[PDB]
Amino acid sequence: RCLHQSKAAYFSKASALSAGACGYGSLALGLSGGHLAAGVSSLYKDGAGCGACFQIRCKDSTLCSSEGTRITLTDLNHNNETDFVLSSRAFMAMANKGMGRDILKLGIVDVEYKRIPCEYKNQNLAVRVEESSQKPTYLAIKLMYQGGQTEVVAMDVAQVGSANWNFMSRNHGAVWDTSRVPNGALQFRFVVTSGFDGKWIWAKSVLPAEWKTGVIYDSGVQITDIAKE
């Protein structure tokens, strides 16, 4: 990881709860522990950045703690001013104890941040079936709890136990889909970046034959790889 200098602003919780570019919807609050953030294009990475974890701290010597806090990218920041726009909770969490309301007064603050491994204790990478799916003909899925410090750059699906693999498309954000949906239970393969190289992660059993929309399915795997910067 490198060390980056920028500014950060923040938005009301209603802008946070409201759906961001990654497609997490209301699940974004739990995913980030309340510490969700919108990031500029080079961090959003056209949705590949979704779920990237950061350590961020601010530089006001009176108001800011030295440790800072953790944030999770769940949105794309459109402003031409800051690298991040944090949730209210994330912004407050940057201050010394007792100074949360004080730091909120600033609106913007200089910050310093680095990419760090995401850690979902006792929780594997999971695959949620999005409501826009149409069970036989069309499958839309959303990756949840992507651990480590890397990016899923390509993705394959196939019937459990089949060798006929065919690719998924990143539709937008953390949402991938296909309208060539194999029958029966489904297995996935992810291309992840480790150092500079591609690495395959094989999830042998993910979606049951009778998969339902709105359900989050344990993929049986977790990512720990780190992409060089």
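One rule holds for the numbers: they count along the sequence shown, beginning at 1.
Checked against the record, the higher mean CA B factor of 107-115 and 139-147 lies with 107-115. When 46-54 is weighed against 60-68, 60-68 comes out higher, by mean CA B-factor as recorded in the entry. For the set 216, 207, 16, 221, the PDB entry assigns the largest Cα B-factor to 16. Among the modelled residues of the chain, residue 74 sits in the lowest third by CA temperature factor in this PDB entry. Ranked within its chain, residue 10 lands in the middle third, by CA B factor from the PDB record.
Residue 183: CA B factor lies in the middle third for its chain, per the PDB record. When the CA B factors of the chain's modelled residues are split into thirds, the value for residue 121 lands in the highest one.
When all modelled residues of the chain are sorted by CA temperature factor, residue 83 is found within the middle third.
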